[PDB]
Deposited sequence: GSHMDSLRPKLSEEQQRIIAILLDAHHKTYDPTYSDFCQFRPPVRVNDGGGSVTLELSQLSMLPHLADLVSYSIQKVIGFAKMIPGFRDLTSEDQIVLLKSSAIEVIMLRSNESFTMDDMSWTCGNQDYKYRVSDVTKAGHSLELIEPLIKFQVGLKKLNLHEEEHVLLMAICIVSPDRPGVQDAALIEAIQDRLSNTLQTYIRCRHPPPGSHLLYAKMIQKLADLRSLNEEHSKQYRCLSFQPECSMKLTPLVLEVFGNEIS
């Protein structure tokens, strides 16, 4: 019912987050030629054995994810209040939310035109088949695509998008967090900002917030499945060389 105006602080928070995102997400994907080249081996049959023996797309996707984790770290450090947390808690939050924020932020390159993550040209267009070539199974990819479509259909304003990523990162319910109360206070400040923004820009508003919060739950499920699959992938001899030091640590 009530639609209070965004406070000066809430406006500042939003401006800071938008700026942080603009500085950490290059919509032209101009750094992609710096990643190890994508290699797409003939695997129309989706052979697990072949995929694991080759992991042809792993070096490229691992570099993309590694690069993205660095951008997420940069974004996170700019979240108002994040610097007030101990270094220990910051690392805990980053490591636990990294893959989830990557899934969220990837929605910007995701296109429902052909259900792919299109980052410029055909060389940098990723479909289900490309992810299987990196060693993952449909048990993760299909739900991920479904998640991307559901998120896409929310038609989030960029303001809502960046607040959602911030809220995802600053979650007090992450195993290993030391000061959950402080983390929850920061998250509540962000959550209240998002709730207020939605009410201000949407008459619809109550439904949208709930749908956004549900996406955060969906991400926890995707996170778990990815972790399980990463474990399996790590068993493949020489896999470490196809990954990166940051990827190894974050998911190790």
### Non-modelled portions of the deposited polymer sequence, in sequence order
1 to 5, 209 to 210, 260 to 263
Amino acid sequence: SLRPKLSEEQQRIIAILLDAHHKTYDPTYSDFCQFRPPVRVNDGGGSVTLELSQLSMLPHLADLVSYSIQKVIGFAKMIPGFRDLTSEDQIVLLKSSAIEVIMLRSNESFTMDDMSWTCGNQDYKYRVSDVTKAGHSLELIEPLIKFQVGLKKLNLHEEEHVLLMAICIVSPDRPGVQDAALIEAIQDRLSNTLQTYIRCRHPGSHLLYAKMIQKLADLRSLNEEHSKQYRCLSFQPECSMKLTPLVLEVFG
From here on, numbers count along this sequence of modelled residues.
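The term rigid core refers to the most C-alpha atoms you can superpose between the two forms while keeping them within 1.5 Å.
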### Query
Between 22 to 30 and 194 to 202, where do the CA atoms move more in 8 other deposited structures of this protein, taking the root mean square over the structures and residues after a core fit?
194 to 202
### Summary
Avg C-alpha B-factor, entry values, 134 to 142 vs 155 to 163, higher side is 134 to 142
## Note on the structure
Averaging the C-alpha temperature factors as deposited, the higher value of 169 to 177 versus 109 to 117 falls on 169 to 177
### Query
Which of these, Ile186, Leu216, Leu50, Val65, has its C-alpha atom at the highest B-factor, as the entry lists it?
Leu50
### Task
Please pick out which of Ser191, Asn223, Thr28, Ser205 has the largest Cα B-factor as recorded in the entry.
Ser205
### Task
Sorting the chain's modelled residues by C-alpha B-factor, tell me whether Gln70 ends up in the lowest, middle or highest third.
lowest
### Task
Sorting the chain's modelled residues by C-alpha B-factor, tell me whether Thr24 ends up in the lowest, middle or highest third.
lowest
### Query
In terms of the CA temperature factor given in the entry, to which third of its chain does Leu248 belong: lowest, middle or highest?
middle
### Task
Divide the modelled residues of the chain into thirds by Cα B-factor and specify which third, lowest, middle or highest, holds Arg40.
highest
### Message
What third of the chain does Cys200 rank in for C-alpha temperature factor, lowest, middle or highest?
### Response
highest
